[PDB]
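Numbered from 1 within each chain, the chains take letters A, B, ... in sequence-line order. The analysis underlying the following values was restricted to heavy atoms, covering all of them including side chains, and did not include hydrogens, waters or symmetry mates.
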Amino acid sequence: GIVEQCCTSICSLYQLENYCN
Amino acid sequence: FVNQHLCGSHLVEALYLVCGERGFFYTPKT
C-alpha cells in the first residue's frame, strides 16, 4: 500500500494519484 | 516534494496538495 510505495521506498506522483478520490 | 520518502504527516500533506478538491484516502495498514 501507500506506506510501502511512498514511505519505505521513494514516492512518485503516479503512485500518489492512485490514492486521490 | 513528491519524489522522496514521505512518511506520516509528510505523506498526508503530499496527498492533500496533489489530490486537491478530489480528496484522498490514507490507509497505512494495507
Side-chain angles (χ1 to χ4, degrees):
Chain A
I2 193 173
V3 170
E4 300 60 48
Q5 296 318 324
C6 279
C7 177
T8 53
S9 64
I10 300 171
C11 199
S12 63
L13 177 59
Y14 181 104
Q15 291 292 142
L16 279 168
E17 276 200 335
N18 286 338
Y19 301 94
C20 305
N21 304 127
Chain B
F1 62 103
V2 176
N3 298 292
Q4 57 186 134
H5 297 277
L6 292 171
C7 302
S9 65
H10 303 194
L11 178 55
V12 165
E13 285 182 334
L15 282 166
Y16 171 77
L17 290 177
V18 158
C19 299
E21 311 287 56
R22 295 175 274 175
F24 65 86
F25 55 98
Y26 173 65
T27 302
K29 296 307 165 172
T30 44

Enquirer: How many angstroms lie between atom SG of B/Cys19 and atom CZ of B/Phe25, to the nearest 0.5 angstrom?
Expert: 9.0 Å
Enquirer: Taking atom CG of B/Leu6 and atom CD1 of A/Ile2, what is their separation to the nearest 0.5 Å?
Expert: 8.5 Å
Enquirer: Tell me if a side-chain donor or acceptor on B/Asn3 pairs with a main-chain N or O of A/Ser12 at a distance below 3.5 Å.
Expert: no
Enquirer: From B/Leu15 CG over to A/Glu17 CD, what is the distance, rounded to the nearest 0.5 angstrom?
Expert: 10.5 Å
Enquirer: Do any N or O atoms from the side chain of A/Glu4 and from the backbone of A/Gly1 form a donor-acceptor pair under 3.5 angstrom?
Expert: yes
Enquirer: For B/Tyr26, look at atom OH and say whether over 12 heavy atoms of other residues, nucleotides or ligands are found less than 6.0 Å away.
Expert: yes
Enquirer: Side-chain heavy atoms nearer than 4.5 Å, only ILVMFWY residues, links allowed to pass through others: does that put A/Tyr14 and A/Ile10 together?
Expert: no
Enquirer: Roughly how far apart are B/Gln4 CD and A/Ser9 OG, rounded to 0.5 Å?
Expert: 13.0 Å
Enquirer: Distance from B/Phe1 atom CZ to A/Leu13 atom CG, nearest 0.5 Å?
Expert: 7.5 Å
Enquirer: Nearest 0.5 Å please: distance from the SG atom of A/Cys11 over to the NE2 atom of B/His5.
Expert: 10.5 Å
